[PDB]
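**Student:** Kindly return the folded structure for what I paste below:
(chains A, B, C, D, E, F, G and H, ligands or ions: 6)
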Amino acid sequence: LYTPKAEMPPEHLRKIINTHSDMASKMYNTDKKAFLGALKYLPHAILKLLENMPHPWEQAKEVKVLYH
Amino acid sequence: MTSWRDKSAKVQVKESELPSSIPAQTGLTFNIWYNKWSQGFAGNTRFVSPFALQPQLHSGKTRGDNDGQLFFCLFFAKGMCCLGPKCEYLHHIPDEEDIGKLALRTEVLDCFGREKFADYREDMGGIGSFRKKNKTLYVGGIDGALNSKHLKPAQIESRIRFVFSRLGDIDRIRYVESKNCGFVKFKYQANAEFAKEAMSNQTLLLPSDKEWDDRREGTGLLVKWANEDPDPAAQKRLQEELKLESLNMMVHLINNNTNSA
Amino acid sequence: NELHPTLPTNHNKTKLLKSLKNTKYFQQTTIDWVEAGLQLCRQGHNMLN
Amino acid sequence: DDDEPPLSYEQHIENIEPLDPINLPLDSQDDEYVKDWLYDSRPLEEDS
Amino acid sequence: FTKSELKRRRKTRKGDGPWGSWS
Amino acid sequence: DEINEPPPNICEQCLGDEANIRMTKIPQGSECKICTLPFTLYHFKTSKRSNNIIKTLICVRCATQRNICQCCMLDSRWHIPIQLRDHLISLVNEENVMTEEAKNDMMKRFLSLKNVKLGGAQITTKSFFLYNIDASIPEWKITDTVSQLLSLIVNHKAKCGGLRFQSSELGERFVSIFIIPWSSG
Amino acid sequence: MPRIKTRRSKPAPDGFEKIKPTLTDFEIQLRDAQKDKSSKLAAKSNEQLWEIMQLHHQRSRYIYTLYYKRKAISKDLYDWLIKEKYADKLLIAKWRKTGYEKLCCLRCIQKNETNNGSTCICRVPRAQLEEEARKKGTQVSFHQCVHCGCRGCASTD
RNA sequence: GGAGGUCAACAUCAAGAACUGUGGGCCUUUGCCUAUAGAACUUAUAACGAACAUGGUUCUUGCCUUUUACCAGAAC
Ligand SMILES: [Zn+2]
Ligand SMILES: [Zn+2]
Ligand SMILES: [Zn+2]
Ligand SMILES: [Zn+2]
Ligand SMILES: [Zn+2]
Ligand SMILES: [Zn+2]
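**Tutor:** Numbering: from 1, shown residues only, chains lettered A, B, ... in the order given. Ligands and ions are numbered 1, 2, ... in the order given. And now the structure:
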């Protein structure tokens, strides 16, 4: 089998976080646990972010993110 | 037929109007994980619903029906379901037949598809107990009439009967003047549960009477499970019922059994 | 640093992201750095809270 | 400052227009070969 | 089924392709 | 290991009648609703296209001692609730056999382990005032009967059937253990 | 690459203006449907995304029909678009393949993601779902692919 | 068929200065002697990374009321 991943628009991501930003509902009590999980992996993210800083001569860099 | 089986069921509330989450001000700051308030303690939060279902008015046909669901939309049993005919979970009162379907599975779980626990709860709380059938509801804090005391305990009676009556088949209703409670009892476990989740936190009389405008600040009537009836009469009656029931089912056991010989 | 090597770990070969990006739950796209900086602030924050 | 919840990207920042980086003058004589690509984000994604 | 049957049949869906709702 | 090893214990009825089924395996799923310890949980939908997903609510240690289908929670052999089957089984013989089970918390947890099985397992308005009301008979049965030959308020304390109807057309059609009076003012 | 204008971004090709407004009308609406309009129900929030997915799909169908179908633009316009993230290279690469011609998305053909098997019911032709509706008689339970809101994505329906 | 991919999986990467296969002869399968073929990648101011972090245990010290947190050398 193995098709590769499917890249998707940036919006879908922005909408996602721009919703789960406000959490007070019940339907997030899974996501809530999810969050605690990623707390383990955060420092990784930091690294993989902060080694791509854009360098003085580039204005804006664009990257590839892999999101939950 | 012409009532429920005819016209597709309807929305009650627009998702806009849907009530505010984040319950409001029992204490200082708002905890995110649990949804509560933080420090201090005040007399418990509960209040009458702004809502109620309307047994024949809103009930109708929906998606789960055409697709064959079982469990009943509880946010319909509050007539609070904002999905209208879209909701999968069924909108309407239990007939006998639906219970005909569930009754395979009603050992473990309710008519709303949820898993009954075992030991009830300190107070006789919200979902039942698979160790036991209970068809019978305690009703307390009847002061969800507000405090206007109605000219006869038989006006209580007419009112309790008026309400719980609609929701299904019934055995009986005993109001008690001595102690404030109604005890009601039905046919089907199914009906029972359905009525329970429906009738929490309500107020009373006509589309308006007396203090009807302010009905909304009442506490609302507790509806909780009932224990035994410790009189001998009812009790003898019970052991009879079970007895004749065994008497039926033995027939089943000898049919499939005797076939297996 | 030169007097004391480390001499790495054949078999390290199973990275995090490879393992992660394989599941249902993760998805992939592109986006401006600064933005991803910010999303990481919201993230980090909501967690610690 | 701490009271000041950081402003989201889709609104404030995405419309602002970037305001030029370092680079450096270079030349059309000395640096002629490299003046094209020297400052690309990745200099040559393609030159086959 | 037949090609004519399909081609005629589809226009029935409310909104073109493919989000368009049959019924 | 062994957690897997006693396998699922499942009805062949409620399990649903399709030819082929798939069911998940989750090695530490829920705890029992009974003994309150973990086990392997098994989903599945009955049929493929269903909306509703069967889950398994209990151990296989706990569903053995009482001998029941982990989904159903009926008897394995007789498709019957415990509190029935061991009640019938109480009757013939004469008195015995009920299963006293587990209040507190680690009483039930503890009690799960020991292998003794359990008794069940061991083996396997116009006011109409109509009186004479019988003790054991419900309203459903009353207006049942009425709608069966063709709306009510009863008081079982006083054995006095109070009654009302929509139109006196149902007065004739009503008439056309019963004390009759057609009573209204 | 960058959707942002920036100095590196090679200035527009020519026919651009003729299409430019049609593009912008989609674009505003994305800014419209990312606006965080709250709802307590999961069913909704996923719907909300079903917009963004739909628009994105239409924009790409549009550029695609221009370039390949009617050939109303020039190869450098097109390739500049795709370089600027106006449309999915990939997705269009499916629409060129035989069957897929009307496809949703690229999750809806993923074999590996789905629990078992494959390919959201999203793909199957109505011409069959109707067959199980015949035999079983429950009509047909399907309406929206949880990922998109496809309904009969396959290129017959 | 060709080119490509910030795609995937499965192998292999530190040693007698060092790999593998095959033929013939001997002991009796390993192994020894001899003949023959092919040998990607990595190595001599020695090595997968003309780069450079952390942890554990065991010792020697330094801070020095004690434990985390530590000071700077070594071995595994
Ligand atoms: Zn509903
Ligand atoms: Zn158990
Ligand atoms: Zn079963
Ligand atoms: Zn799709
Ligand atoms: Zn799909
Ligand atoms: Zn589709």
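**Student:** and the residue in chain E positioned nearest to chain D, what is it in contact with?
**Tutor:** Nearest residue of chain E to chain D, counting by C-beta to the nearest C-beta: residue E:19, 24.7 Å away. In this view, the C-beta of every residue, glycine as well, is placed from N, C-alpha and C. Contacts for residue E:19 (C-beta atoms under 8 Å, 6 or more residues apart in numbering or on different chains) come out as G:50, G:54, G:148-151.
**Student:** Turn those residues into JSON lines, including distance to ligand 4, secondary structure and neighbour count.
**Tutor:** Shown next, in JSON lines, are the contacts of residue E:19 (distance: C-beta to the ion, whole Å; DSSP: H, G, I helix; E, B strand; the rest coil; neighbours: other C-beta atoms under 10 Å in any protein chain shown):
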{"residue": "G:50", "distance to ligand 4": "10", "secondary structure": "helix", "neighbour count": "20"}
{"residue": "G:54", "distance to ligand 4": "10", "secondary structure": "helix", "neighbour count": "19"}
{"residue": "G:148", "distance to ligand 4": "3", "secondary structure": "coil", "neighbour count": "22"}
{"residue": "G:149", "distance to ligand 4": "8", "secondary structure": "coil", "neighbour count": "20"}
{"residue": "G:150", "distance to ligand 4": "5", "secondary structure": "coil", "neighbour count": "27"}
{"residue": "G:151", "distance to ligand 4": "10", "secondary structure": "coil", "neighbour count": "24"}
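**Student:** if we can go back for a sec, look up how far ligand 6 lies from the residue of chain E closest to chain D.
**Tutor:** 9 Å (C-beta to the ion, to the nearest Å).
**Student:** Of the contacts of residue E:19, which are in range of ligand 6?
**Tutor:** When C-beta under 5 Å from the ion is applied, the members of those adjacent to ligand 6 are residue G:150.
**Student:** can you tell me which of the contacts of residue E:19 lies nearest to residue B:121?
**Tutor:** Residue B:121 lies nearest to residue G:50 out of the contacts of residue E:19, by C-beta to C-beta, at 40.6 Å.
**Student:** Quick check: which element contains the residue of chain E found nearest chain C?
**Tutor:** Of all residues in chain E, residue E:19 sits closest to chain C, at 20.7 Å by C-beta to the nearest C-beta. Of the helices and strands defined by DSSP states H and E, none includes residue E:19.
**Student:** what are the phi and psi values for it?
**Tutor:** Backbone torsions of residue E:19, given as degrees, to the nearest 10, read phi -70, psi -20.
**Student:** Need the three-state assignment for residue C:42.
**Tutor:** Following DSSP: H, G, I helix; E, B strand; the rest coil, residue C:42 is assigned to helix.
**Student:** Look up how far ligand 1 lies from the residue positioned nearest the centre of chain E.
**Tutor:** Central residue of chain E (C-alpha atoms, centre = their mean): residue E:10, 1.3 Å from the mean position. Distance of residue E:10 to ligand 1, given as C-beta to the ion: 32 Å.
**Student:** just the helices in chain F please.
**Tutor:** Counting by DSSP state H, residue ranges of the helices within chain F are F:62-65, F:82-91, F:106-113, F:119-123, F:139-149, F:169-175.
**Student:** chain center to the fourth one: distance?
**Tutor:** In this case it means helix F:119-123. Distance of helix F:119-123 from its chain centroid, counting by C-alpha atoms, centre = their mean, to the nearest Å, is 20 Å.
**Student:** Indicate whether that helix makes contact with chain B.
**Tutor:** No - using C-beta under 8 Å from any C-beta of the partner chain, helix F:119-123 stays clear of chain B, coming no nearer than 12.6 Å.
**Student:** Could I get the buried residue list for that helix?
**Tutor:** Across helix F:119-123, burial judged by 16 or more other C-beta atoms under 10 Å in any protein chain shown covers F:119-121.
**Student:** now swap in the third one and tell me
**Tutor:** Judged by neighbour count (16+ other C-beta under 10 Å), helix F:106-113 contains these buried residues: F:108-109, F:111-112.
**Student:** nearest to ligand 3, of those?
**Tutor:** residue F:112 (20.7 Å; C-beta to the ion).
**Student:** which of the buried residues of helix F:106-113 lies closest to chain B?
**Tutor:** For the buried residues of helix F:106-113, the nearest to chain B is residue F:108 (8.7 Å; C-beta to the nearest C-beta).
**Student:** Stretch B:114-129: end-to-end distance?
**Tutor:** 11 Å (C-alpha to C-alpha, to the nearest Å).
**Student:** hmm, who's touching it?
**Tutor:** Stretch B:114-129 has contacts (C-beta under 8 Å, 6+ apart) with B:108-110, B:130-131, B:134, B:138, B:189, B:193, B:196-197, B:224-227, F:33-34, F:57, F:103.
**Student:** Point out the residues in chain G that sit beside ligand 5.
**Tutor:** Going by C-beta under 5 Å from the ion, the residues of chain G near ligand 5 are G:108, G:120, G:122, G:145, G:147-148, G:150.
**Student:** rewinding a little: what would the contacts of residue E:19 look like in TSV with distance to residue G:127?
**Tutor:** Output for the contacts of residue E:19, formatted as TSV (distance: C-beta to C-beta, whole Å):
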residue	distance to residue G:127
G:50	24
G:54	24
G:148	20
G:149	20
G:150	16
G:151	13
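**Student:** SS state for the residue nearest in space to the middle of chain G?
**Tutor:** The centre of chain G sits closest to residue G:57, judged by C-alpha atoms, centre = their mean, with a distance of 2.3 Å. The local conformation at residue G:57, judged by three-state DSSP, is helix.
**Student:** That one and residue G:104 touch, don't they?
**Tutor:** Yes - shown here, residue G:57 and residue G:104 form a contact pair, counting by C-beta atoms under 8 Å, at 7.0 Å.
**Student:** what about stretch A:11-18 and chain C, touching?
**Tutor:** Yes - using C-beta under 8 Å from any C-beta, we find that stretch A:11-18 touches chain C at A:12-13, A:17.
**Student:** Counting neighbours, which of the residues of chain G next to ligand 5 comes out on top?
**Tutor:** In terms of neighbour count, residue G:150 stands highest of the residues of chain G next to ligand 5 at 27 neighbours, by other C-beta atoms under 10 Å in any protein chain shown.
**Student:** OK, contacts around the closest residue in space to that residue that isn't next to it in sequence?
**Tutor:** Using C-beta to C-beta, 6 or more residues apart in numbering or on different chains and skipping residues adjacent in sequence, the residue nearest residue G:150 is residue G:122, 4.0 Å away. Each residue near residue G:122 by C-beta under 8 Å, 6+ apart is listed here: G:104, G:108, G:145, G:147-148, G:150-151, G:153.
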